[PDB]
Amino acid sequence: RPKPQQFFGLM
Amino acid sequence: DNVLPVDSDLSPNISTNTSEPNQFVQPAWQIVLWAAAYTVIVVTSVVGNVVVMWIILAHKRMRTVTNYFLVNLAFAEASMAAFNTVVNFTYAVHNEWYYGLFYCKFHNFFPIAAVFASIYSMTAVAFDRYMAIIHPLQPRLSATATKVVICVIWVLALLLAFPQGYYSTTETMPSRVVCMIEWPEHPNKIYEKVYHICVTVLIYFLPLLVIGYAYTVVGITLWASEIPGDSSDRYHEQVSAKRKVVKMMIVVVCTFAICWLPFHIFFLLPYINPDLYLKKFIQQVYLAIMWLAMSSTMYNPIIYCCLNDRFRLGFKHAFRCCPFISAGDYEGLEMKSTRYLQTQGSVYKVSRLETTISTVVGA
């Protein structure tokens, strides 16, 4: 889901 | 109303555009519908733009500074047809960003560069039109400069397009698998808010104004009225010919604005009121406009054919492998000398005018 994958800290 | 996606996650249904299909956002068929639109577009955009680029390079006569700028536009469209549309298509049938965050970035960056470059190139065209109208003095101008100018536009385009890659804003579009600048959230670490205002106004809006302004100046000078023959309100055939070029340039701009403007407006409105609904903040609206912007890529080749006989005749020369250019030819300078092409009509060292060589040609 878009919430648990808040690992967008890369961008 | 909002989750990371445009839809609310009242149900736990919402899933990342990166991970899964977005079928909940819209009907599956709608997905195929957008995929279908893209597939057809790929054919048209590629063929039309290649024809433009091919024809002018192929035909020696069509060497004007303006033609240089147009190739640039054509090139920008080509990247769309080759690079951006393909990815957008894959996604659509997949129903989401299979590629993942890295690709969202790649995919947003190239398409963003393309849009910025177009509007900026259109401005250059406007300025050059202004220059041609007021000061016909040919020498204050260089082909070499044009290349330099074109490169410059790309540089500036990178100025907006590239920084998102630098730690800046990011993200996918409503249903989407199209990626664009982060209007939805104010991802603080990211400093989204600043980037948003800056980009729209500086890259899209300001250049739009200048084009509009330059357009106004041209208004006093050569206007829409142009008599087909040189005689009548035209002072020389070349002068009468030029008016034709300006009008096409105008149409090119108009179509551009219509296609893009809705996207840019929606760009801003959600920035002001994110997490809310515009008339309706939904997957559909954002999607419709961004995909619509894509259609622009196709329109220019059509305008050329309708808009100018020179291209029309010269293109036809290209289409039939041999000359076979019946239909009355350019009936002017298909080429200055006669017909124009790589070979065929465009004779080596096209003729020169004036004792001195007025145009930088026949060099």
# chains A, B, ... in the order shown; residues from 1 in each chain; ligands from 1
call {"tool": "closest_atom_pairs", "arguments": {"of": "chain B", "to": "chain A", "cutoff": "9 Å", "atoms": "only C-alpha atoms", "output": "JSON lines"}}
result
{"residue": "B:3", "atom": "CA", "partner": "A:2", "partner_atom": "CA", "distance": 8.1}
{"residue": "B:4", "atom": "CA", "partner": "A:2", "partner_atom": "CA", "distance": 6.2}
{"residue": "B:5", "atom": "CA", "partner": "A:2", "partner_atom": "CA", "distance": 7.9}
{"residue": "B:12", "atom": "CA", "partner": "A:1", "partner_atom": "CA", "distance": 8.6}
{"residue": "B:13", "atom": "CA", "partner": "A:1", "partner_atom": "CA", "distance": 8.4}
{"residue": "B:14", "atom": "CA", "partner": "A:1", "partner_atom": "CA", "distance": 6.6}
{"residue": "B:15", "atom": "CA", "partner": "A:1", "partner_atom": "CA", "distance": 3.9}
{"residue": "B:16", "atom": "CA", "partner": "A:2", "partner_atom": "CA", "distance": 3.9}
{"residue": "B:17", "atom": "CA", "partner": "A:2", "partner_atom": "CA", "distance": 7.4}
{"residue": "B:18", "atom": "CA", "partner": "A:2", "partner_atom": "CA", "distance": 8.1}
{"residue": "B:19", "atom": "CA", "partner": "A:1", "partner_atom": "CA", "distance": 7.1}
{"residue": "B:20", "atom": "CA", "partner": "A:1", "partner_atom": "CA", "distance": 8.1}
{"residue": "B:101", "atom": "CA", "partner": "A:8", "partner_atom": "CA", "distance": 7.6}
{"residue": "B:102", "atom": "CA", "partner": "A:11", "partner_atom": "CA", "distance": 8.2}
{"residue": "B:105", "atom": "CA", "partner": "A:11", "partner_atom": "CA", "distance": 8.4}
{"residue": "B:164", "atom": "CA", "partner": "A:11", "partner_atom": "CA", "distance": 8.7}
{"residue": "B:165", "atom": "CA", "partner": "A:11", "partner_atom": "CA", "distance": 7.5}
{"residue": "B:166", "atom": "CA", "partner": "A:11", "partner_atom": "CA", "distance": 8.5}
{"residue": "B:167", "atom": "CA", "partner": "A:11", "partner_atom": "CA", "distance": 6.7}
{"residue": "B:168", "atom": "CA", "partner": "A:11", "partner_atom": "CA", "distance": 7.9}
{"residue": "B:169", "atom": "CA", "partner": "A:11", "partner_atom": "CA", "distance": 8.1}
{"residue": "B:170", "atom": "CA", "partner": "A:11", "partner_atom": "CA", "distance": 7.2}
{"residue": "B:190", "atom": "CA", "partner": "A:11", "partner_atom": "CA", "distance": 8.4}
call {"tool": "select_by_dssp", "arguments": {"residues": "stretch 70-118 of chain B", "states": "alpha helix (DSSP H)", "output": "JSON, numbers by chain"}}
result
{"B": [70, 71, 72, 73, 74, 75, 76, 77, 78, 79, 85, 86, 87, 88, 89, 90, 91, 92, 93, 94, 101, 102, 103, 104, 105, 106, 107, 108, 109, 110, 111, 112, 113, 114, 115, 116, 117, 118]}
call {"tool": "residues_around", "arguments": {"residues": "stretch 76-84 of chain B", "least_positions_apart": "2", "cutoff": "9 Å", "atoms": "only C-alpha atoms", "output": "PDB file with C-alpha atoms, in the first residue's frame"}}
result
ATOM      1  CA  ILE B  41      -0.823   8.650 -30.672  1.00  0.00           C
ATOM      2  CA  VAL B  42       2.509   6.917 -30.923  1.00  0.00           C
ATOM      3  CA  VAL B  43       1.905   6.181 -34.544  1.00  0.00           C
ATOM      4  CA  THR B  44       0.794   9.658 -35.466  1.00  0.00           C
ATOM      5  CA  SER B  45       3.304  11.555 -33.382  1.00  0.00           C
ATOM      6  CA  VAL B  46       6.223   9.539 -34.619  1.00  0.00           C
ATOM      7  CA  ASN B  49       7.319  14.607 -36.484  1.00  0.00           C
ATOM      8  CA  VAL B  50       9.774  12.435 -38.311  1.00  0.00           C
ATOM      9  CA  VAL B  71      13.219  21.061 -35.907  1.00  0.00           C
ATOM     10  CA  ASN B  72      13.795  21.682 -32.230  1.00  0.00           C
ATOM     11  CA  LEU B  73      10.074  21.571 -31.626  1.00  0.00           C
ATOM     12  CA  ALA B  74       9.778  18.495 -33.785  1.00  0.00           C
ATOM     13  CA  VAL B  86       5.907   4.360 -24.603  1.00  0.00           C
ATOM     14  CA  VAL B  87       6.244   4.270 -20.825  1.00  0.00           C
ATOM     15  CA  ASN B  88       2.879   5.903 -20.330  1.00  0.00           C
ATOM     16  CA  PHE B  89       1.403   3.174 -22.508  1.00  0.00           C
ATOM     17  CA  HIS B 107       9.516   9.411 -16.754  1.00  0.00           C
ATOM     18  CA  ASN B 108       8.576  12.672 -15.193  1.00  0.00           C
ATOM     19  CA  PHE B 110      11.943  13.695 -19.696  1.00  0.00           C
ATOM     20  CA  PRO B 111       8.366  14.669 -20.243  1.00  0.00           C
ATOM     21  CA  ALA B 113      11.805  18.784 -20.128  1.00  0.00           C
ATOM     22  CA  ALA B 114       9.819  18.335 -23.302  1.00  0.00           C
ATOM     23  CA  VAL B 115       6.989  20.644 -22.227  1.00  0.00           C
ATOM     24  CA  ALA B 117      11.397  23.232 -24.036  1.00  0.00           C
ATOM     25  CA  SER B 118       8.374  23.599 -26.263  1.00  0.00           C
ATOM     26  CA  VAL B 178       2.101   9.631 -15.865  1.00  0.00           C
ATOM     27  CA  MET B 294       0.360  14.637 -24.835  1.00  0.00           C
ATOM     28  CA  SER B 296      -0.109  18.293 -28.664  1.00  0.00           C
ATOM     29  CA  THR B 297       2.792  16.256 -29.923  1.00  0.00           C
ATOM     30  CA  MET B 298       0.685  15.234 -32.940  1.00  0.00           C
ATOM     31  CA  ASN B 300       2.054  20.385 -35.244  1.00  0.00           C
TER      32      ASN B 300
END
call {"tool": "residues_around", "arguments": {"residues": "residue B:309", "least_positions_apart": "3", "cutoff": "7 Å", "atoms": "only C-alpha atoms", "output": "list in words"}}
result
residues 312, 313 and 330 of chain B
call {"tool": "residues_around", "arguments": {"residues": "residue B:203", "least_positions_apart": "3", "cutoff": "10 Å", "atoms": "only C-alpha atoms", "output": "list in words"}}
result
residues 115, 116, 117, 119, 120, 156, 157, 159, 160, 161, 197, 198, 199, 200, 206, 207 and 208 of chain B
call {"tool": "write_last_selection", "arguments": {"atoms": "N, CA, C and O atoms", "output": "CSV table (one decimal), in the first residue's frame"}}
result
chain,number,residue,atom,x,y,z
B,115,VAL,N,8.0,19.6,-22.3
B,115,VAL,CA,7.0,20.6,-22.2
B,115,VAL,C,7.6,22.0,-22.0
B,115,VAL,O,7.2,23.0,-22.7
B,116,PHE,N,8.7,22.1,-21.2
B,116,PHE,CA,9.3,23.3,-20.9
B,116,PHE,C,9.9,23.8,-22.2
B,116,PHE,O,9.8,25.0,-22.6
B,117,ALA,N,10.6,22.9,-22.9
B,117,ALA,CA,11.4,23.2,-24.0
B,117,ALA,C,10.5,23.8,-25.1
B,117,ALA,O,10.9,24.7,-25.9
B,119,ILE,N,7.5,25.4,-24.9
B,119,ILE,CA,7.0,26.7,-24.7
B,119,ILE,C,8.1,27.7,-24.9
B,119,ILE,O,7.9,28.7,-25.5
B,120,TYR,N,9.3,27.4,-24.4
B,120,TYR,CA,10.4,28.2,-24.5
B,120,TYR,C,10.8,28.4,-26.0
B,120,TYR,O,11.2,29.4,-26.4
B,156,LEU,N,17.9,25.9,-20.1
B,156,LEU,CA,16.9,26.4,-19.2
B,156,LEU,C,15.9,25.4,-18.9
B,156,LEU,O,15.5,25.2,-17.8
B,157,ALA,N,15.5,24.6,-19.9
B,157,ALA,CA,14.5,23.6,-19.7
B,157,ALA,C,15.0,22.7,-18.6
B,157,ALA,O,14.3,22.3,-17.7
B,159,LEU,N,16.9,23.5,-16.3
B,159,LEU,CA,16.9,24.2,-15.0
B,159,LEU,C,15.6,23.8,-14.3
B,159,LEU,O,15.6,23.7,-13.1
B,160,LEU,N,14.4,23.8,-15.0
B,160,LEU,CA,13.3,23.3,-14.2
B,160,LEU,C,13.3,21.8,-14.1
B,160,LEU,O,13.1,21.3,-13.1
B,161,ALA,N,13.5,21.1,-15.3
B,161,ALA,CA,13.3,19.7,-15.3
B,161,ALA,C,14.2,19.0,-14.4
B,161,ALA,O,13.8,18.0,-13.7
B,197,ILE,N,5.3,26.9,-7.1
B,197,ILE,CA,5.0,28.2,-7.6
B,197,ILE,C,6.0,28.6,-8.6
B,197,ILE,O,5.7,29.1,-9.7
B,198,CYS,N,7.3,28.3,-8.3
B,198,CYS,CA,8.4,28.8,-9.0
B,198,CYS,C,8.3,28.2,-10.4
B,198,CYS,O,8.5,28.9,-11.4
B,199,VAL,N,8.1,26.9,-10.5
B,199,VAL,CA,8.1,26.2,-11.8
B,199,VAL,C,7.0,26.7,-12.7
B,199,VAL,O,7.3,27.1,-13.8
B,200,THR,N,5.8,26.8,-12.2
B,200,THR,CA,4.7,27.1,-13.1
B,200,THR,C,4.9,28.5,-13.6
B,200,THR,O,5.0,28.6,-14.9
B,206,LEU,N,5.6,32.8,-17.5
B,206,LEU,CA,6.3,33.9,-18.0
B,206,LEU,C,6.5,33.8,-19.4
B,206,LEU,O,6.3,34.8,-20.2
B,207,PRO,N,7.0,32.7,-19.9
B,207,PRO,CA,7.2,32.5,-21.3
B,207,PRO,C,5.9,32.7,-22.1
B,207,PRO,O,6.0,33.0,-23.3
B,208,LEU,N,4.8,32.4,-21.5
B,208,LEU,CA,3.6,32.5,-22.2
B,208,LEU,C,3.3,33.9,-22.4
B,208,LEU,O,2.9,34.4,-23.5
call {"tool": "atom_distance", "arguments": {"atom1": "atom CA of residue B:130", "atom2": "atom CA of residue B:218"}}
result
5.9 Å
call {"tool": "atom_distance", "arguments": {"atom1": "atom CA of residue B:176", "atom2": "atom CA of residue B:112"}}
result
15.6 Å
call {"tool": "closest_residue", "arguments": {"among": "B:351, B:273, B:26, B:326", "to": "residue B:338", "atoms": "only C-alpha atoms"}}
result
B:351
call {"tool": "residues_around", "arguments": {"residues": "stretch 239-244 of chain B", "least_positions_apart": "5", "cutoff": "7 Å", "atoms": "only C-alpha atoms", "output": "ChimeraX atom specification"}}
result
/B:222,226,230,234
call {"tool": "write_last_selection", "arguments": {"atoms": "C-alpha atoms", "output": "short mmCIF file (atom, residue, chain, number, x, y, z; two decimals), in the first residue's frame"}}
result
data_model
loop_
_atom_site.label_atom_id
_atom_site.label_comp_id
_atom_site.auth_asym_id
_atom_site.auth_seq_id
_atom_site.Cartn_x
_atom_site.Cartn_y
_atom_site.Cartn_z
CA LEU B 222 2.38 42.29 -40.35
CA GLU B 226 -2.21 39.08 -46.40
CA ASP B 230 2.58 39.84 -53.66
CA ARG B 234 2.28 43.41 -49.42
#
call {"tool": "atom_distance", "arguments": {"atom1": "atom CA of residue B:328", "atom2": "atom CA of residue B:255"}}
result
29.0 Å
call {"tool": "decode", "arguments": {"residues": "stretch 39-111 of chain B", "atoms": "C-alpha atoms", "output": "short mmCIF file (atom, residue, chain, number, x, y, z; two decimals), in the first residue's frame"}}
result
data_model
loop_
_atom_site.label_atom_id
_atom_site.label_comp_id
_atom_site.auth_asym_id
_atom_site.auth_seq_id
_atom_site.Cartn_x
_atom_site.Cartn_y
_atom_site.Cartn_z
CA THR B 39 -0.96 3.63 -28.87
CA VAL B 40 -2.63 5.52 -31.68
CA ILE B 41 -0.82 8.65 -30.67
CA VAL B 42 2.51 6.92 -30.92
CA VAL B 43 1.91 6.18 -34.54
CA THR B 44 0.79 9.66 -35.47
CA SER B 45 3.30 11.55 -33.38
CA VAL B 46 6.22 9.54 -34.62
CA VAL B 47 5.32 9.65 -38.28
CA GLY B 48 4.34 13.28 -38.40
CA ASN B 49 7.32 14.61 -36.48
CA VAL B 50 9.77 12.44 -38.31
CA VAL B 51 8.34 13.72 -41.56
CA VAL B 52 8.89 17.29 -40.46
CA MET B 53 12.43 16.68 -39.31
CA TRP B 54 13.17 14.52 -42.30
CA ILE B 55 11.73 16.87 -44.85
CA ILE B 56 13.47 19.99 -43.78
CA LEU B 57 16.79 18.27 -43.43
CA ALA B 58 16.19 16.47 -46.70
CA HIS B 59 15.12 19.55 -48.63
CA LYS B 60 17.96 22.00 -49.00
CA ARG B 61 15.65 24.89 -49.69
CA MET B 62 13.91 24.71 -46.39
CA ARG B 63 16.77 26.25 -44.52
CA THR B 64 15.49 29.12 -42.61
CA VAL B 65 16.37 30.08 -39.12
CA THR B 66 12.79 29.38 -38.27
CA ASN B 67 13.16 25.92 -39.72
CA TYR B 68 15.94 25.38 -37.23
CA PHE B 69 13.63 26.23 -34.36
CA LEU B 70 10.90 24.02 -35.77
CA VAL B 71 13.22 21.06 -35.91
CA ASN B 72 13.79 21.68 -32.23
CA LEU B 73 10.07 21.57 -31.63
CA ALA B 74 9.78 18.49 -33.79
CA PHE B 75 12.56 16.87 -31.83
CA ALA B 76 10.81 17.61 -28.57
CA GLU B 77 7.70 15.95 -29.95
CA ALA B 78 9.74 12.97 -31.09
CA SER B 79 11.08 12.39 -27.62
CA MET B 80 7.52 12.38 -26.44
CA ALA B 81 6.50 9.81 -28.99
CA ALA B 82 9.53 7.65 -28.45
CA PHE B 83 10.38 8.13 -24.79
CA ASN B 84 7.40 9.33 -22.84
CA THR B 85 4.46 7.84 -24.64
CA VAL B 86 5.91 4.36 -24.60
CA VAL B 87 6.24 4.27 -20.82
CA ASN B 88 2.88 5.90 -20.33
CA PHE B 89 1.40 3.17 -22.51
CA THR B 90 3.04 0.32 -20.61
CA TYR B 91 1.76 1.66 -17.41
CA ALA B 92 -1.70 2.18 -18.66
CA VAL B 93 -2.20 -1.36 -19.60
CA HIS B 94 -0.51 -2.45 -16.38
CA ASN B 95 -2.74 -0.06 -14.41
CA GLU B 96 0.24 1.28 -12.49
CA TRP B 97 3.87 2.24 -12.25
CA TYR B 98 5.45 -1.13 -12.70
CA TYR B 99 8.82 0.52 -13.03
CA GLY B 100 8.75 2.00 -9.54
CA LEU B 101 9.96 5.30 -8.05
CA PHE B 102 13.15 5.53 -10.04
CA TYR B 103 11.27 5.29 -13.25
CA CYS B 104 8.61 7.72 -12.10
CA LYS B 105 11.52 10.10 -11.87
CA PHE B 106 12.94 9.23 -15.20
CA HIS B 107 9.52 9.41 -16.75
CA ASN B 108 8.58 12.67 -15.19
CA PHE B 109 11.91 14.34 -15.97
CA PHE B 110 11.94 13.70 -19.70
CA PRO B 111 8.37 14.67 -20.24
#
